[PDB]
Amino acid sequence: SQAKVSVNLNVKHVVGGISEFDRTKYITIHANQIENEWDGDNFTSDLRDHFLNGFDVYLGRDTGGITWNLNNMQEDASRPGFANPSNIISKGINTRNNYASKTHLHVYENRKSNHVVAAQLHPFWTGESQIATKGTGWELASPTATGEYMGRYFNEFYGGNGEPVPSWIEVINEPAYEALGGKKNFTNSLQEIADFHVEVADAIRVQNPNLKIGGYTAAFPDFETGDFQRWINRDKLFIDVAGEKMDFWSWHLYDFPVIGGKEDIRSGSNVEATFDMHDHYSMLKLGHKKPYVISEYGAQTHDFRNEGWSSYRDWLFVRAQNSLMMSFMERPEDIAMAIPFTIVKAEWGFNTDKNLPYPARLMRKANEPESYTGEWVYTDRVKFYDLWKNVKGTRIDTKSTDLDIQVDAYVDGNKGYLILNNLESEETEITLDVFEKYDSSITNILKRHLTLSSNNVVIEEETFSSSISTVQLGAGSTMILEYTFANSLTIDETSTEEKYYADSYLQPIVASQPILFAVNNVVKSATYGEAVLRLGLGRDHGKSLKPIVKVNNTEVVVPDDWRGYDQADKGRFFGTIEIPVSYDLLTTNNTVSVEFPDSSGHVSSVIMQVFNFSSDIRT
C-alpha cells in the first residue's frame, strides 16, 4: 500500500468551534482513581501517578459504586420498590467522608472532567429480566424509582466534601444486549428500554436537574442488521422515544477482530456510517445533534476468551482503539467523552471457572499468563498511552490520499504531533507532504511507531534532526511523529469544517433508479475549500458499493477504496463512502443523485462534509 499524507502545519482545522486536542475526552481509561485497583502490589509505588500523570491520561468511568449501593440500599418503607431516601443520604455521607479522607486521590479530580457513571443493568432494570437488589432483596418499583435512586445517589454520593459529581450519567449500561437477543437480533423493540430512559431521566432530573443524562449505552449499535430493522427497532426508536429526554447519546463501539475467525470491524467506514446515520436521523428527527459518550470502545477478543493475557491480544485492542479514536477525533464537537474499555485490573472480572483474568486490563500480574501471581505490571495496552502521552495542541489540516490512513495532527507551540493510523492490514509507505508557510525548521522528529512486532505490541522509535519524507506505517499500526520546530508554529490559516445533512435518509436502493437527496443551506463561507460527500451505504455483501453519484448533476468519482476494510466478515456492509466533492461543485442547496446497478440495501445517510479554507491550502 502507498499513501501520500498532506500536513499543513499553519492551517487550524476547526469543527464545531473545536480545534484543540482534548486529552480529557480522548486519552482516557475506563477507571476512577478512587478504585482500589490503582493500589495494591504494583510494579511502581504510585500507579495512579505512573499511569495517569506519566501518560497524561484522563478519566473516566465506573459503574460499581452506584450498582453496589442500589444492590445494598434499604427499601423505602413508605414506597415499596424505592430506595429509602434517608439511607441514600446516610450512606452518601460515609462515601463522601471516605473520599474526603483519601487526600492523595484529590489531585486526580483534575483528570475526572469527563467522569462517566453508568448504572449496571441490574437491579436498575425494571423489565422482564429485573432482579431484586442483590443485598437487600427488593425490586425497583419502576424506572421512576430507579431514576429517583440514581438522582438521589448522585446528589448524596458526590459533591460537598466528597467526590465531584460525575459529568455524564448513562442511564443504564447495555440494556438491550441480553434482553433483546444479542448483536444479530433486529426484530425486538427498544421501546421499553427507551421508555425506561425517559422515565429514569425524568426521575433523575427531579432529584438533580443539572446532570447530563444519556442513553441508551448500546452494547452494539448495529443499524444495518436485518435490512436496517435493527436501526428502526432500536436506535431510531431511541431517538424517536427518548431523544428529547437525553442530553447525550451513549454507545459502546467495539471492533471484533477475532469473533469466530471473523474480522467484524467498526473502525473505518462502519463506525463512520454509525455516527453518520445516527447524526443524520437525529438532525432529521430532533433537528440537532447530541454529543456522544463512547463509554466503552476498542476491541473484544472472542476467539481468545478461553485464553489469558497476551501481548498480541492486547494488540487487537490497541489497534482497534487507535483506529476508533481517530474517528472520534474527527468529530470533537460530537464527542462528549470516549473511553477505551480498559479496566485497571478488573479483579472483579476474574473468571474463576476458567481461571482466566478479565480480558480488558491495563495491568496484569507479572507471571501471567502462566500464573495469576507476581506484581501488577502493565499490559501492552499501556503502549497506547505511551504512544499518545504527549499529543496536545491545535488541530491542523491533514489529509491522506488513502482513506485507510487516518491522519490527524496537533501543534502545541513548537511541538507537532502527526498521527498516522493504519485502518488496513497492509503496511503502507506514507509519503509525508508537510507544508509550513514560514520556513520554521525541524530540530527534531521523534518517530514513534506503535505496531506489532513478533506478535508483541511495541513502540519502535527513531529520531530525526530534519524533515522526513516517507515513513513505513505498519499493518494496523499507529505512528505519531513528535515534531520539534525551532520556534512556535504560526497557525494563521483555518479550515472550518461544517457538516450538512440531506433532507432524507435511509433510502432503499433500487437498481438503475437514482436516489435524489437535497443537501441544503450549505454555507460556502470561504473562497477555497473542499467537500466530502458521505454516503452511508447499508448493503448485503455482493451488492455494489460503487454507485454512480452526481452532485448538482455533475458526476463525481466514487472511491473504490473507502475508509477502512472491506467488511467482508461483517454481516453485511454498513459503511460511509467518503466521496471527494470539489468546493466549486457545491452550491447552497445541493442535489445528490445516487444510482446503483443493483437493488437492495439502503443509502442510510447522506452528509456533505464541507471544509472552508481561509486560503488555497490545497494548491
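For every residue, the number given is its place in the sequence shown, counted from 1.
In this crystal structure, the stretch out of 565-573 and 546-554 whose C-alpha atoms carry the higher mean B factor is 546-554.
Per the PDB record, of the two stretches 164-172 and 489-497, 489-497 carries the greater mean B-factor over its C-alpha atoms. For the set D380, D334, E156, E307, the PDB entry puts the maximum C-alpha B factor at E307. Each of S101, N114, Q321, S504 has a CA temperature factor in the record; the biggest one is found at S504. Among all modelled residues in this chain, the alpha-carbon of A218 has a temperature factor (C-alpha) in the lowest third.
Sort the modelled residues of the chain by CA B factor and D255 lands in the lowest third. When all modelled residues of the chain are sorted by CA temperature factor, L9 is found within the highest third. Sorting the modelled residues of the chain by their CA temperature factor places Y583 in the highest third. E35: CA B factor lies in the lowest third for its chain, per the PDB record.
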